[PDB]
Amino acid sequence: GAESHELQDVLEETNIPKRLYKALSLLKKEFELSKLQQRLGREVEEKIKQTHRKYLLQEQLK
Amino acid sequence: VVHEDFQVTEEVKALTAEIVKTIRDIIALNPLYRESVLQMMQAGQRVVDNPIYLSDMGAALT
Amino acid sequence: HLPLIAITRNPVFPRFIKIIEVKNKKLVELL
């Protein structure tokens, strides 16, 4: 999901090891951002779940 | 109309991506409105000059 | 010797199948 600017920067690199290392770094950064977003979403989601299950029971009763 | 945003407009849109994915999933699993609006308004087209409006519309679909 | 294709935010990754859709009809004449 790296931006087109990142792809252009990767294409700029000439040496195969240099471009491979840049691609690996971009992969690591994208993975870190995705993991941060997923953990943050999970925290917010549990915070919803912190609502006492009586909300689910009320939903079933309705 | 407060629209404070960080100067790093690089990783913020990552969350937007997640949001749209979620929205897509919902409309795929719970079809509520036509998908033509999704085709007309695509996050990749750069026509979303007001991402807050996009987020508000997405929350409206809930 | 052809005019630059209007990308219009349609990235084309290397060795990746992609679809270009530009509202402008001018590209239709070129095609």
# chains A, B, ... in the order shown; residues from 1 in each chain; ligands from 1
$ residues_around --residues "segment 6-11 of chain A" --least-positions-apart "5" --cutoff "8 Å" --atoms "only C-alpha atoms" --output "list in words"
residues 19, 22, 23 and 26 of chain A
$ residues_around --residues "residue 10 of chain B" --least-positions-apart "5" --cutoff "12 Å" --atoms "only C-alpha atoms" --output "ChimeraX atom specification"
/A:1-6,29-30,33 /B:5,15-17
$ interface_residues --of "chain C" --to "chain A" --cutoff "10 Å" --atoms "only C-alpha atoms" --output "PyMOL selection string"
chain C and resi 9+11-13
$ interface_residues --of "chain B" --to "chain C" --cutoff "9 Å" --atoms "only C-alpha atoms" --output "PyMOL selection string"
chain B and resi 44-46
$ atom_distance --atom1 "atom CA of residue 23 of chain B" --atom2 "atom CA of residue 46 of chain A"
19.5 Å
$ select_by_dssp --residues "chain B" --states "helix (DSSP H, G or I)" --output "mmCIF file with C-alpha atoms, in the first residue's frame"
data_model
loop_
_atom_site.group_PDB
_atom_site.id
_atom_site.type_symbol
_atom_site.label_atom_id
_atom_site.label_comp_id
_atom_site.auth_asym_id
_atom_site.auth_seq_id
_atom_site.Cartn_x
_atom_site.Cartn_y
_atom_site.Cartn_z
ATOM 1 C CA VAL B 12 -3.294 9.192 8.192
ATOM 2 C CA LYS B 13 -4.937 8.009 4.971
ATOM 3 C CA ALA B 14 -3.938 4.473 5.962
ATOM 4 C CA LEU B 15 -6.807 4.541 8.447
ATOM 5 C CA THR B 16 -9.022 5.852 5.650
ATOM 6 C CA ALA B 17 -8.053 2.779 3.640
ATOM 7 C CA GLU B 18 -9.097 0.519 6.503
ATOM 8 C CA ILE B 19 -12.372 2.409 6.804
ATOM 9 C CA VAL B 20 -13.226 2.058 3.128
ATOM 10 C CA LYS B 21 -12.315 -1.624 3.232
ATOM 11 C CA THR B 22 -14.680 -2.082 6.162
ATOM 12 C CA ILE B 23 -17.375 -0.172 4.294
ATOM 13 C CA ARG B 24 -16.868 -2.342 1.225
ATOM 14 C CA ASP B 25 -17.097 -5.498 3.315
ATOM 15 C CA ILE B 26 -20.332 -4.298 4.890
ATOM 16 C CA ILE B 27 -21.978 -3.440 1.581
ATOM 17 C CA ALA B 28 -20.786 -6.793 0.244
ATOM 18 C CA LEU B 29 -22.109 -8.741 3.235
ATOM 19 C CA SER B 36 -22.380 2.885 -8.030
ATOM 20 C CA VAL B 37 -21.663 5.587 -5.440
ATOM 21 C CA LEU B 38 -18.508 3.663 -4.529
ATOM 22 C CA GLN B 39 -17.429 3.598 -8.180
ATOM 23 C CA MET B 40 -18.109 7.317 -8.642
ATOM 24 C CA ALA B 43 -10.288 7.069 -2.705
ATOM 25 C CA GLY B 44 -7.676 6.436 -5.404
ATOM 26 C CA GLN B 45 -9.021 9.118 -7.761
ATOM 27 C CA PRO B 51 -11.992 13.295 3.673
ATOM 28 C CA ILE B 52 -14.085 14.331 6.685
ATOM 29 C CA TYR B 53 -17.150 14.278 4.428
ATOM 30 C CA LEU B 54 -16.182 10.796 3.226
ATOM 31 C CA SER B 55 -15.848 9.596 6.825
ATOM 32 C CA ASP B 56 -19.194 11.177 7.726
ATOM 33 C CA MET B 57 -20.870 9.448 4.779
ATOM 34 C CA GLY B 58 -19.302 6.142 5.804
ATOM 35 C CA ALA B 59 -20.544 6.557 9.371
ATOM 36 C CA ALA B 60 -23.958 7.433 7.928
ATOM 37 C CA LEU B 61 -24.052 4.059 6.163
#
